[PDB]
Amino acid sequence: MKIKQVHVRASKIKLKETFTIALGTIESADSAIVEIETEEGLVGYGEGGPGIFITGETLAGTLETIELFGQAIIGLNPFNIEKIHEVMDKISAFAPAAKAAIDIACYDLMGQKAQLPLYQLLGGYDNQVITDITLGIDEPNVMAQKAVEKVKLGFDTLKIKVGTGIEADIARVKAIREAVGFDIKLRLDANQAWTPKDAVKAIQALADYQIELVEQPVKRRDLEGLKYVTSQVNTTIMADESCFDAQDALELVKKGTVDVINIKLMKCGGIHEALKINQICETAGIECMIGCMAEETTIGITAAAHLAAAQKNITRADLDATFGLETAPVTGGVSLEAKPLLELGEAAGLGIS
């Protein structure tokens, strides 16, 4: 199998509602959709959803980088994922969205050529994944009503966004808990908003509210502060922005910084690197949660779901980016439907057309 041409295009899909997190707001999912065409005619789908307040990547930068990657990999075999990443890493020192776009399309092609659903090539542990759904920052009563609405849709796990001030954030969590009861799992995400001290204070104040875990409570560069929180509360602490790639994972494991790690294809540059992060974590006794950017869509989410289903150590999933999209840019894959169960069919590769 040989790559004949790499096609890329901008995709801009308005969100049904603006989403607010501690780092900013998003109202449109703008990504780069890649289609790698092979000599034999098979076409693999890839996507790069750059979140500027997460990685600094922009759609224009991502598009330009993908084009450079595209020309450099013509003639290569999609199965030679080792060389494909070698080439991209030599071209750019940092562009996870662009690298993920290429990587995802290559894996899609691998599955199609082998005539197997992607999850079978990535571990084969399962063929489905259960995802939580995220509640953007808003007034306590508002988030609470939304929570009740989501639970009605069948979600048993809600990811609560917080980060404007511990006082207000605690109020948000209490309102949500009171509204939905204790049969619902609640995980919090402060998106780097709290100081180490305030994080501990807030987590302790929510002790009787049965919090499943707390994601990135402190600034990403403050690994000492992150470890401080982890070592000061029994509550599970998850690293997100503090862990982009395998090297970061290796650093957090040596330091014992967190309890769990959030893996994003858009942070590590693809499935190839995501696998490394998970393997490092599993070896260290750290479970992983597959996540996503609000900028990605069907392709990115579908690839993430196949990886999450295939690997035993990826025990949690936050793959809800398609739920806010006004439209789907492609056919097949994970639906725009807001549902907790993401079942992967038997279609080869990503099952996208």
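When you see a residue number, it is the position in the sequence shown, counting from 1.
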* Structure fact -> Avg C-alpha B-factor, entry values, 324-332 vs 57-65, higher side is 324-332
* To do: Pick between 90-98 and 156-164: the one whose mean CA B-factor in the entry is higher.
  => 156-164
* Asked: Between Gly44, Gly291, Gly51, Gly48, which one tops the list for C-alpha B-factor in the PDB entry?
  -> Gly51
* To do: Tell me, please, which of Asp240, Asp189, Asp108, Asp183 has the highest C-alpha B factor according to the deposited entry?
  => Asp183
* **Cα B factor band for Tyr209 (lowest, middle or highest third within the chain)** => highest
* To do: Quick one: classify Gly123 as lowest, middle or highest third of the chain based on its Cα B-factor.
  => lowest
* Asked: Among the chain's modelled residues, which third holds the C-alpha B-factor of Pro140?
  -> highest
* Asked: Thinking about Cα B factors across the chain, which third does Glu82 belong to?
  -> lowest
* Structure fact -> Entry-reported C-alpha B-factor of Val229 relative to its chain, by third, is middle
